[PDB]
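See below for the structure under consideration.
Numbers for residues simply follow the sequence, beginning at 1.
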Amino acid sequence: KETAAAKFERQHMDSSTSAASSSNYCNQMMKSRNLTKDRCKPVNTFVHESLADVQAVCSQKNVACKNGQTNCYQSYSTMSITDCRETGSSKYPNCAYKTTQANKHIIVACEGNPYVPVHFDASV
């Protein structure tokens with residue numbers, strides 16, 4: 001039902017805010033995007049750029065993926081992102097996260113026709 005593209009959007013896109021809304025941001029967003037439903041997803045990145053700008057990365061710098069696949073792409077520009085990292089005292093179902101804002105190049109894995117982001121690999 002949920003496409004790979006739509007799952008990427010749910011897990012990783014947050015164009016509404018320019019930068020990590022608050023110290024609370026990861027706590028709210030990890031829950032609301034349903035990344036704390038089955039377990040506390042330990043780490044997750046949200047990108048604060050337009051969908052079109054993130055989709056365009058699939059046409060940008062081709063780099064090896066962490067898993068050894070070849071279909072990863074690094075943004076030529078830096079992008080506004082928020083890293084969410086589960087605290088050492090977070091216990092499901094009260095998943096707690098540290099919120100960190102950064103401006104970094106993103107690396108995404110792309111697939112399909114159309115060729116679109118399906119996985120967030122890294123920021124550098």
Side-chain angles (χ1 to χ4, degrees), residues 2-124:
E2 191 178 48
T3 71
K7 181 183 187 173
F8 174 89
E9 294 192 33
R10 170 171 64 78
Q11 294 191 176
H12 298 299
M13 289 300 306
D14 178 27
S15 310
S16 292
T17 54
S18 77
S21 93
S22 77
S23 55
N24 298 319
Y25 173 83
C26 287
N27 290 335
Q28 292 166 355
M29 286 294 288
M30 297 294 294
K31 191 173 185 210
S32 59
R33 300 302 188 81
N34 269 283
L35 316 181
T36 69
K37 179 191 154 275
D38 294 1
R39 61 197 279 262
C40 307
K41 176 170 180 162
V43 306
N44 192 65
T45 303
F46 293 98
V47 182
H48 308 305
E49 300 296 346
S50 74
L51 181 56
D53 284 0
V54 176
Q55 288 177 150
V57 177
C58 298
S59 86
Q60 299 180 18
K61 183 189 179 178
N62 193 201
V63 299
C65 303
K66 285 173 173 177
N67 67 5
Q69 292 294 286
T70 62
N71 61 311
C72 284
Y73 301 87
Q74 183 171 310
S75 64
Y76 294 119
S77 66
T78 73
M79 290 191 177
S80 171
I81 65 167
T82 300
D83 293 324
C84 303
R85 196 201 108 276
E86 175 184 36
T87 64
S89 93
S90 170
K91 295 286 169 197
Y92 181 77
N94 302 134
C95 300
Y97 294 90
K98 175 156 45 64
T99 298
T100 307
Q101 173 64 198
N103 294 270
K104 299 177 75 175
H105 303 283
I106 68 167
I107 302 177
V108 294
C110 300
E111 288 182 337
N113 186 12
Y115 201 59
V116 291
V118 296
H119 166 95
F120 191 91
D121 209 41
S123 71
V124 300

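- One finds the CG atom of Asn44 at 8.5 Å from the CZ atom of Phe120 (value rounded to the nearest 0.5 Å).
- At least one donor-acceptor pair closer than 3.5 Å links the side chain of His105 to the backbone N or O of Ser77.
- One hydrophobic cluster, built from ILVMFWY side chains closer than 4.5 Å, holds both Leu51 and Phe8.
- Pairing each heavy atom of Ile106 with each of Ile81, the nearest pair is CG2-CG2, 3.7 Å.
- Interatomic distance, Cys72 SG to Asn62 CG, rounded to the nearest 0.5 Å: 8.5 Å.
- For the side chain to side chain donor-acceptor pair (under 3.5 Å) criterion with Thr45, the lone passing option out of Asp121, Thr82, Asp83 is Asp83.
- Taking OG of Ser50 as the start and CE of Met13 as the end, the distance is 6.5 Å to the nearest 0.5 Å.
- In this model, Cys58 has its SG atom within less than 2.5 Å of the SG atom of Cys110.
- Residue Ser90 holds its OG atom at 10.0 Å from CZ of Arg85, rounded to the nearest 0.5 Å.
- Across all their heavy atoms, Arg33 and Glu9 have their closest contact at NH1-O, 3.3 Å.
- Note on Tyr115 and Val118: separate hydrophobic clusters, where clusters join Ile, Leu, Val, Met, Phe, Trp and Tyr whose side-chain heavy atoms are under 4.5 Å apart, directly or indirectly.
- Both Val54 and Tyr73 belong to a single network of hydrophobic side chains, linked directly or stepwise wherever heavy atoms of I, L, V, M, F, W or Y lie under 4.5 Å apart.
- Summarising the local packing, NZ of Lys41 is surrounded by more than 12 heavy atoms from other residues, nucleotides or ligands at distances under 6.0 Å.
- Distance check, rounded to the nearest 0.5 Å: CE of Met29 to OG of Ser21 gives 8.5 Å.
- Closest heavy-atom contact between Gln60 and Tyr76: OE1-N, 3.0 Å.
- Looking only at distances, a side-chain donor or acceptor of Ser80 sits under 3.5 Å from a matching main-chain atom of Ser18.
- Across all their heavy atoms, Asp14 and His48 have their closest contact at O-ND1, 2.8 Å.
- Using a 4.5 Å heavy-atom threshold, the side chains of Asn71 and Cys65 count as touching.
- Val57 and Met79 get closest at one heavy-atom pair: CG2-CE, 3.7 Å.
- Considering all non-hydrogen atoms of both residues, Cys26 and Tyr97 come closest at CB-CB, 3.4 Å.
- Here the CE atom belonging to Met30 is positioned 8.5 Å from the CD atom belonging to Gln11, to the nearest 0.5 angstrom.
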Start with the C-alpha gap between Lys61 and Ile107, add the side-chain angles, then the distance that decides, and say whether side chain to side chain contact (heavy atoms under 4.5 Å, CB included) holds.
CA-CA 9 Å; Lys61 183 189 179 178; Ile107 302 177; over 6 Å; no
